[PDB]
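The chains referred to below are lettered A, B, ... by the order of the sequence lines, with proteins before strands, and numbering in each begins at 1.
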Amino acid sequence: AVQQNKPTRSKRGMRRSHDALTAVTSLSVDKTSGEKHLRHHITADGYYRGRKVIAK
Amino acid sequence: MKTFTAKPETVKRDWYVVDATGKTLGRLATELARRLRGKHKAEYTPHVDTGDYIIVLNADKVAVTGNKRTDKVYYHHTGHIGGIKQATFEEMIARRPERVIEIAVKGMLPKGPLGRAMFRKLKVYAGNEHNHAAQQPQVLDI
Amino acid sequence: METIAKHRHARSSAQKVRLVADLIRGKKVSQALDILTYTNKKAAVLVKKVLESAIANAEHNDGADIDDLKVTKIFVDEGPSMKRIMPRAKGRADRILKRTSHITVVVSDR
RNA sequence: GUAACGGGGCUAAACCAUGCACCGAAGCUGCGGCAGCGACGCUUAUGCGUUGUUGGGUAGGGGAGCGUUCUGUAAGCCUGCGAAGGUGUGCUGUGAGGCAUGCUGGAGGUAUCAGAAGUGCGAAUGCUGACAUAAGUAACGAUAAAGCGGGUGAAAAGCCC
RNA sequence: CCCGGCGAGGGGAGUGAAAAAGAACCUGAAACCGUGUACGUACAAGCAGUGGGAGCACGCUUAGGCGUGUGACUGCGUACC
């Protein structure tokens with residue numbers, strides 16, 4: 001239920017070898033506004049594939 | 001002055017070939033390990049491999065004394081509790097006659113990473129032909 | 001020339017902030033801002049403000065340009081911890097540690 | 001789980017007898033060095049010329065020393081041309097230790113010969129403070145339930161309508 | 001003066017012998033946590049060191065076959081009270 005010895009700082013780093021994050025590969029550029037956005041997502045101004053979806 | 005020590009980047013290693021027909025198993029493996037390690041060289045070094053490459057032919061025709069051809073047993077375990085398996089000398093010569101020579105030499109060599117490397121310089125064949133003519137091996141009456 | 005920017009006594013553990021700092025070490029400023037913008041973590045907000053401050057300091061004080069700047073050095077150190085009490089069962093009491101962090105960013109024209 | 005030669009393997013690499021070689025210990029010898037106790041020379045406020053022998057060690061007995069704080073020697077000596085302390089390097093003694101010096105530091109420190117002790121810590125489920133481990137794990141307190149629009153605001157699942 | 005939420009917290013300017021003396025402030029040790037550089041490490045079993053020892057890197061060097069750091073392989077070796 002509890003440990004008999006104190007793990008080391010080495011064993012601690014090994015367990016954290018799979019805890020790293022991943023950055024976004026690339027951002028898509030809109031056809032009309034020319035803004036950077038997530039693929040399959042709308043822009044902050046309200047554009048998506050040049051159709052002027054929700055503005056507010 | 002200091003004592004000479006060999007260097008693995010400048011040591012020479014030659015090639016030889018041997019015939020095992022009619023030869024005694026134990027008294028043959030003894031001389032193989034002696035040369036795979038380098039005891040026959042004046043540049044011998046325990047922490048360096050100064051041995052030579054050796055090819056063995058006709059492994060399926062070694063000899064044994066007494067009734068060892070039927071009473072000698074080779075044991076091994078798998079890992080499960082059923083486990084223990086066994087095989088006789090005759091049964092191994094028919095299934096894989098190359099393991100008889102390898103198993104005997106592996107026991108006469110030291111243990112550890114270095115001993116595992118000397119074993120890699122031993123090429124055993126169950127016939128009379130080999131495909132290492134490029135290395136121009138010499139005959140070794142032994 | 002190297003310009004500095006720091007955020008001392010931040011309300012977050014160093015272990016959590018270091019996960020984000022490792023994504024922009026050695027990258028260009030323009031590329032780094034885009035990464036943090038689309039990173040769903042609270043530490044990403046703090047680091048962004050620090051990076052923006054350093055960029056402004058270079059222009060106003062050191063007279064540099066944005067397009068030529070790069071993140072050369074970035075690290076997170078531990079700060080003072082605040083002690084708190086947490087009641088448990090059967091009269092027992094445990095101690096709580098609210099950890100902080102010191103953030104540092106360095107941008108250079110080389 | 002081979003498991004009644006340590007193993008590989010051996011028809012001797014087994015057993016009896018005889019004989020000549022070699023390996024083999026911190027044992028003996030050789031080279032260099034330190035110390036203790038003895039006798040001589042009676043050297044001579046004793047160190048040698050030398051000469052023999054000894055030197056594993058708990059409880060415990062005997063002998064000789066290092067360093068720390070304080071008092072006298074000191075209205076002395078060193079010191080802002082950089083003290084104590086902190087951090088490195090080099091040299092040195094049989095050991096506890098000592099000397100010199102670079103960086104930091106920014107005002108006290110102390111020879112020699114004597115004297116006095118709150119005089120040396122790894123342990124006592126020791127005392128106080130600080131920081132690790134488990135771990136970014138368990139959990140976030142009744143299973144009466146939430147959804148949308150608008151507003152404020154740097155930012156609204158939780159605030160206002 | 002500038003970034004920031006008329007924020008917190010920082011970068012310049014200036015004061016001062018000194019701000020790495022900035023009010024969380026003289027000196028600023030250790031445990032503990034980090035960034036950077038050199039070497040080693042993904043067919044190898046055990047108090048993690050010791051004796052031997054290649055290679056790489058660096059400073060020397062009148063090459064002087066030395067020093068410093070790392071330590072493939074190998075003999076021996078089951079902590080303290």
Side-chain angles (χ1 to χ4, degrees), chain A residues 1-9 11-12 15-16 19 56, chain B residues 2-3 5-11 24-30 33 45-49 64-68 72-87 100 103-117 120, chain C residues 2-19 21-22 25 45-46 48-63 72-81 83 86-89 94 97 99-107:
Chain A
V2 78
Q3 69 203 7
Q4 276 196 11
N5 282 279
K6 191 198 176 182
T8 55
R9 64 196 110 237
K11 215 80 198 312
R12 181 183 64 205
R15 181 180 62 245
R16 299 181 180 176
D19 293 354
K56 30 58 181 68
Chain B
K2 279 177 173 179
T3 310
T5 184
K7 294 162 169 57
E9 309 93 358
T10 79
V11 59
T24 315
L25 174 68
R27 306 186 104 83
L28 169 66
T30 283
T45 316
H47 71 97
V48 183
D49 183 5
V64 279
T65 57
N67 296 290
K68 281 183 267 195
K72 199 191 200 317
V73 188
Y74 291 82
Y75 292 104
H76 70 276
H77 199 277
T78 69
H80 291 245
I81 325 96
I84 192 76
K85 300 252 192 180
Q86 60 190 86
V100 171
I103 289 164
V105 174
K106 194 177 295 210
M108 301 184 187
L109 291 163
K111 278 80 205 167
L114 191 72
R116 268 144 41 201
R120 307 204 174 99
Chain C
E2 310 180 352
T3 321
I4 319 299
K6 281 198 277 273
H7 176 9
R8 305 184 78 236
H9 306 284
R11 284 298 323 278
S12 182
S13 181
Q15 187 182 344
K16 301 179 183 172
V17 186
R18 285 183 188 133
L19 296 168
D22 297 329
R25 186 178 288 113
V45 177
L46 308 172
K48 213 205 183 193
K49 291 174 78 104
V50 177
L51 179 65
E52 288 178 331
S53 200
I55 295 158
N57 290 338
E59 303 161 311
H60 184 252
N61 302 332
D62 303 314
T72 48
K73 273 176 272 164
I74 177 162
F75 47 88
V76 189
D77 294 326
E78 309 194 271
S81 298
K83 326 279 177 154
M86 205 186 196
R88 304 301 296 263
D94 286 355
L97 301 167
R99 308 184 130 96
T100 65
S101 314
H102 301 316
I103 308 170
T104 305
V105 181
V106 187
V107 286

Quiz prompt | Shortest non-hydrogen contact from B:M108 toward B:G26 | solution = CE-O, 4.0 Å

Quiz prompt | Distance, rounded to the nearest Å, where B:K72 contributes NZ and D:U2 contributes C1' | solution = 12 Å

Quiz prompt | For E:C32, the Watson-Crick or wobble counterpart (both distances under 3.5 Å) | solution = none

Practice problem: For C:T3, enumerate each residue passing the side-chain hydrogen bond (donor to acceptor under 3.5 Å, both in side chains) test, keeping only those at least two apart in sequence or located in another chain. | Solution: C:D62

Quiz item: Which parts of residues 73-86 of chain B get close to RNA chain E, meaning a heavy atom less than 4.0 angstrom away?
Solution: none

Quiz item: E:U68 and E:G67, neighbours in the strand: six-membered ring centres under 5.5 Å and planes under 30°?
Solution: yes

Quiz item: Tell me: CD of B:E9 to P of E:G53, nearest whole Å?
Solution: 15 Å

Self-check item: Over 12 foreign heavy atoms within 6.0 Å of CG, A:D19
Solution: yes

Quiz prompt | Nearest-nucleotide pick for C:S53, side chain only, options being E:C73, D:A134, E:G9 | solution = E:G9

Exercise. Pull up the glycosidic torsion of D:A12 and say syn or anti, syn being anything within 90° of 0.
Key: syn

Exercise. Return the nucleotide paired to E:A72: Watson-Crick means purine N1 to pyrimidine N3 with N6-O4 or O6-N4, wobble means G-U with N1-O2 and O6-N3, both under 3.5 Å.
Key: none

Practice problem: Measure from the side-chain heavy atoms of A:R16 and tell me the nearest of E:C33, D:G136, E:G5. | Solution: D:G136

Quiz prompt | Partners meeting side-chain hydrogen bond (donor to acceptor under 3.5 Å, both in side chains) with C:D77 (sequence neighbours left out) | solution = none

Practice problem: Taking atom P in both D:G105 and D:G90, compute the distance separating them and give it to the nearest angstrom. | Solution: 24 Å

Self-check item: Residue matched to E:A42 through Watson-Crick or wobble contacts both under 3.5 angstrom
Solution: none

Quiz item: So, for C:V105 and C:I74, which heavy atoms are closest and what is the spacing to 0.1 Å?
Solution: CG2-CD1, 3.9 Å

Self-check item: Atom-pair distance (CG on C:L46; P on E:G5), nearest Å
Solution: 13 Å

Quiz item: When rounded to the nearest Å, what value does the distance between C1' atoms of D:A123 and D:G67 take?
Solution: 25 Å

Exercise. Look at the side chain of B:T78 and the backbone N and O of B:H80, then say whether any donor-acceptor pair between them is shorter than 3.5 Å.
Key: yes

Quiz item: Among all residues two or more places apart in sequence or in another chain, which pass the side-chain hydrogen bond (donor to acceptor under 3.5 Å, both in side chains) test with C:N57?
Solution: none

Is there any protein nitrogen or oxygen under 3.5 Å from a nitrogen or oxygen in nucleotides 64-72 of chain E, and what are the pairs?
none

Quiz item: Short question: side chain of C:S81, backbone of C:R99 - any donor-acceptor pair under 3.5 Å?
Solution: no

Exercise. With sequence neighbours excluded, tell me which residues meet ring pair (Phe, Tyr, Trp, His ring centres under 6.0 Å) with C:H7.
Key: none

Quiz item: Which residues in residues 2-16 of chain C have at least one heavy atom lying under 4.0 Å from any atom of RNA chain E?
Solution: C:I4, C:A5, C:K6, C:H7, C:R8, C:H9

Quiz item: So, the side chain of C:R18 versus the backbone of C:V76: is there a donor-acceptor pair under 3.5 Å, distance only?
Solution: yes

Self-check item: 5' priority, RNA chain D, between A:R12 and B:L25 [closest heavy atom]
Solution: B:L25

Check nucleotides 126-131 of chain D for protein N or O atoms closer than 3.5 Å to its own N or O atoms and list the pairs.
unit_1	atom_1	unit_2	atom_2	d
D:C131	OP2	C:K83	NZ	2.5

Quiz item: Between C:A54 and C:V107, what is the shortest heavy-atom contact and its length?
Solution: CB-CG2, 3.9 Å

Strictly under 3.5 Å: I want the nitrogen or oxygen pairs between protein and nucleotides 11-13 of chain D, one per line.
unit_1	atom_1	unit_2	atom_2	d
D:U11	OP2	B:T65	OG1	2.4
D:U11	OP2	B:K68	NZ	3.1
D:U11	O5'	B:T65	OG1	3.4
D:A13	OP1	B:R27	NH2	2.5

Quiz item: In whole Å, what is the span from the CG atom of C:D22 to the P atom of E:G34?
Solution: 11 Å

Quiz item: Run the side chain to side chain contact (heavy atoms under 4.5 Å, CB included) check on C:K6 and C:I4 step by step: do they pass?
Solution: CA-CA 7 Å; C:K6 281 198 277 273; C:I4 319 299; 4.3 Å; yes

Practice problem: Quickly work out the C:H60 NE2 to E:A13 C1' distance and round it to whole Å. | Solution: 10 Å

Quiz item: Hey, does the base of D:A123 sit stacked on D:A124, as in ring centres below 5.5 Å and plane angle below 30°?
Solution: no

Self-check item: Nearest-Å distance for atom pair CZ/P, residues C:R25 and E:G34
Solution: 12 Å

Quiz item: So what's the dot-bracket for RNA chain D: Watson-Crick or G-U pairs under 3.5 Å, [ ] if a pair crosses, | if it pairs off-strand?
Solution: ..................................((((............))))...........(.(((((...(((......((((((((....))))))))...)))..)))))..)............................(((.......)))

Self-check item: Nearest-neighbour nucleotide for the B:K7 side chain, E:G55, E:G7, E:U74 considered
Solution: E:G55

Quiz item: Out of E:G12, E:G9, D:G136, which has the shortest distance to the side chain of A:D19?
Solution: D:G136

Quiz item: Among E:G4, D:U133, E:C32, which is the nearest nucleotide to the side chain of A:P7?
Solution: D:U133

Quiz item: So which nucleotide from E:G12, D:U133, E:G5 ends up closest to the side chain of A:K6?
Solution: D:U133

Quiz item: So does B:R116 get a side-chain nitrogen or oxygen closer than 4.0 Å to the phosphate oxygens (OP1/OP2) of E:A44?
Solution: yes

Quiz item: B:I103 CD1 to D:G7 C1': how many Å, rounded?
Solution: 14 Å

Quiz item: Does B:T24 have any side-chain hydrogen bond (donor to acceptor under 3.5 Å, both in side chains) partners at least two apart in sequence or in another chain, and if so, which?
Solution: none

Quiz item: What pair of heavy atoms forms the shortest contact from B:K111 to B:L109, and how long is it?
Solution: NZ-O, 3.1 Å

Quiz prompt | Six-ring stack, D:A96 vs D:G97, 5.5 Å / 30 deg cutoffs | solution = no

Quiz prompt | Whole-Å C1' distance, E:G59 and D:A64 | solution = 48 Å

Quiz item: Any chance the bases of neighbours E:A48 and E:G49 are stacked, by the 5.5 Å centre and 30° plane criterion?
Solution: no

Exercise. Give a yes or no on whether the backbone of C:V106 and the side-chain of C:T72 come within a donor-acceptor separation of less than 3.5 Å.
Key: yes

Quiz item: Considering only the P atoms, how many Å lie between D:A107 and D:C81, rounded to the nearest integer?
Solution: 14 Å

Quiz item: If we call it a pair only when both distances are under 3.5 Å in a Watson-Crick or G-U wobble match, what pairs with E:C47?
Solution: none

Quiz item: When the distance from NZ of A:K56 to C1' of D:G151 is rounded to whole Å, what number comes out?
Solution: 17 Å

Self-check item: ring pair (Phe, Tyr, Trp, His ring centres under 6.0 Å) partners for B:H77, two or more places apart
Solution: none

Quiz item: Do the numbers put B:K72 on top of the ring of B:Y74, so that NZ or CZ is under 6.0 Å from the six-membered ring centre and no more than 45° off the axis?
Solution: yes

Self-check item: Intra-strand stack E:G59 & E:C60, ring centres under 5.5 Å, planes under 30°
Solution: yes

Quiz item: Which listed nucleotide (E:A45, E:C43, D:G136) is nearest to the side chain of A:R15?
Solution: D:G136

Practice problem: For A:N5 and for B:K106, locate the closest nucleotide of RNA chain D by heavy-atom distance; then report the residue assigned to the nucleotide nearer the 5' terminus. | Solution: B:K106

